[PDB]
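Have a look below at one chain only, the form deposited in one PDB entry, in structure tokens format.
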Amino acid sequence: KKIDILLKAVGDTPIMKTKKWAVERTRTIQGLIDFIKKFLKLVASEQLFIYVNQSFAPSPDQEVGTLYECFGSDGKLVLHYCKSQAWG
């Protein structure tokens, strides 16, 4: 099946207009990052960090369906994007 993702921003960084996304469970954080970089007009060289529970940054090869089952909330997995290291 699929899972719902809520994208939240940590400036300074361009804001997603469509934050609610229905995603595969097998898609990884990286393919999610690549998807975000397009909407935010960010290139490959520009780094982009993703966070879970506003604490850690999961690996790029790590699936989202797994992270949802572990850190999901109210039927959706909240993620935070930023152009810099937010939490160590």
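All residue numbers are counted from 1 along the displayed sequence.
There is another form of this protein, the form deposited with a partner chain bound, and it is not shown here; the text below is about that form.
Even though the partner isn't displayed, in the entry with it bound is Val78 close enough to the partner chain, meaning a heavy atom within 4.5 Å?
No, no contact at 4.5 Å.
Within a 4.5 Å heavy atom cut-off, is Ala22 in contact with the partner chain in the entry with it bound?
Looking in the entry with it bound, residue contacts with the partner chain include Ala22, since a heavy atom lies within 4.5 Å.
In the entry with it bound, does each of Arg27, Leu32 and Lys38 have a heavy atom within 4.5 Å of the partner chain?
Per the other structure, all of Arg27, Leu32 and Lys38 touch the partner chain.
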